[PDB]
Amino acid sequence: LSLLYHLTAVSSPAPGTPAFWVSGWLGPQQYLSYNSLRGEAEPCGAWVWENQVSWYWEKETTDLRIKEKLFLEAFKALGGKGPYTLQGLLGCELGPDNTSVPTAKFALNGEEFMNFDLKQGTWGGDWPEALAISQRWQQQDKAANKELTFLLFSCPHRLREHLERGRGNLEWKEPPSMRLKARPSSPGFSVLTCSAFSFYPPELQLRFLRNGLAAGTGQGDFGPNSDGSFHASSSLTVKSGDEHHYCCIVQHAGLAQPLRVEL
């Protein structure tokens, strides 16, 4: 499970809206929230109850505050009509022999355009705006080193701290509540919806079976709940009156074993 920061900056934020905000993620689970309207990094969900080193959240805040100035600075190096969106995907994951594996990706207006080359401590890209933003970020003192320190030192340190002080939160297994409905689409044909309510982790497989034999996955739909749990539904179209030969099979870590679902 990797720790990731979702960073977003806008050049023309609507009134009462942040110009810059960050969510922090441990796997598929949000632990951090930050925006330029409040200027403070705060815990999310169960992580509010996490016993912490007392200087943790202030250090997350100061780091994100530094990123904030940098992101809003990037816009000044751009000369187009605008508006602009600068997105960043910053983070790390623990590798085999103690070491960690970094992730430094950036997108302009929803299109990937920059990365951070950890080998040489440089921002890289081929678009004129990528070179412009890279140059301005290189010009700022300590900036390249703070990106290095962020990804190689503090990130793996935060990750290890969350795995130790909040192991149970990551290991959370919750089975889905399964349902199977049948509805008539185009006359002579029926549709089956295999639904999965409130599960974690999101890793899940729905498989239809025709009279015990394979029928494959239908057309899947996936989404989150408010508590950080998940929801899915797969759909397969079947001939009328032939519904009761088909059944749904779910595979989930909350279950000890794949479970059949009937109508």
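Heads up: residue numbers just count along the shown sequence, starting at 1.
Comparing 182 to 190 with 123 to 131, the stretch with the higher mean C-alpha B-factor in the PDB entry is 182 to 190. If you average the C-alpha B-factors over 3 to 11 and over 254 to 262, the higher value belongs to 254 to 262.
Highest C-alpha temperature factor among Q219, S198, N51, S33 per the entry: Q219. When the C-alpha B factors of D97, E174, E73, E171 are read from the deposited coordinates, the top value falls at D97.
When the CA B factors of the chain's modelled residues are split into thirds, the value for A46 lands in the lowest one. When the modelled residues of the chain are ordered by C-alpha B-factor, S229 sits in the lowest third. For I66, the recorded CA B-factor ranks within the lowest third of the chain. Only modelled residues enter the ranking. Placement of the Cα temperature factor of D141 within the chain: highest third of the modelled residues, per the deposited record. Annotation for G212: CA B-factor lies in the highest third of the chain's modelled residues.
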